[PDB]
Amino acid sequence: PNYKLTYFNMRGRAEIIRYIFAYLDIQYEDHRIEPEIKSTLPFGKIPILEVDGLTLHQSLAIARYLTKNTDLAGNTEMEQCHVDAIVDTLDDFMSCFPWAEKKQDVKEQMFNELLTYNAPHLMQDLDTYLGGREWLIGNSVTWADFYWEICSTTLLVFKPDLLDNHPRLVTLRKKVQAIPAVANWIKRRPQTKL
């Protein structure tokens, strides 16, 4: 099928979809914008993915759709549940940040609270969850591992010492970044802050 991804010029919520296309070697149009386009969207939000003239929305709904019946999905139905659960736990936390807050003091207080109080607890929980295992779910890479690497990359921009106590979580990031298709995308993609 013809795939057209529409999002801002940034990694953000589209990047999980971009990793998935890269890994599965699926050609797509990576359409990066830039008030007018917002009025055309089903729920006024991006990313959207057009699939042969059908408009899909919700980054994780799309990500899950693209990984159905592929090696990035969980190998069992319970593994798929763990994959979904880890992704929503990550998405929940990232969604707490006031990305679009215009008041700079309010934004700084909230980012700081989340990074200094909430984030370390989540890192601890993820590290204990991973234990000594190779990937987050099962015996091979899933799109949960991709999403960990994507979210932690952005968190590290704001809190460089985030993973100083979690070398196993750093090792996982590096393993995702070492996957040939992912490594190639990381080196060729537009360099944006977020």
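The first residue of the shown sequence is 1; numbering continues from there. For the two forms, the rigid core is made up of the largest set of C-alpha atoms that agree within 1.5 Å on superposition.
Per-stretch RMS Cα distance to the displayed form in 6 other deposited structures of this protein, following rigid core alignment, is highest for 39-47 when 39-47 and 156-164 are compared.
Greater average departure of CA atoms from the shown form, over structures and residues in 6 other deposited structures of this protein after a core fit, characterises 105-113 among 67-75 and 105-113.
Stretch comparison (119-127 versus 98-106) by mean CA B-factor in the PDB entry places 98-106 on top. Taking the PDB entry as given, 36-44 carries the higher mean Cα B factor of the two stretches 36-44 and 150-158. If you compare the C-alpha temperature factors of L60, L66, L54, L169 in the entry, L54 comes out highest. When the modelled residues of the chain are ordered by C-alpha B-factor, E50 sits in the highest third.
The PDB entry assigns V83 a C-alpha temperature factor belonging to the lowest third of its chain's modelled residues.
In the deposited entry, the Cα temperature factor of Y28 places it in the highest third of its chain's modelled residues.
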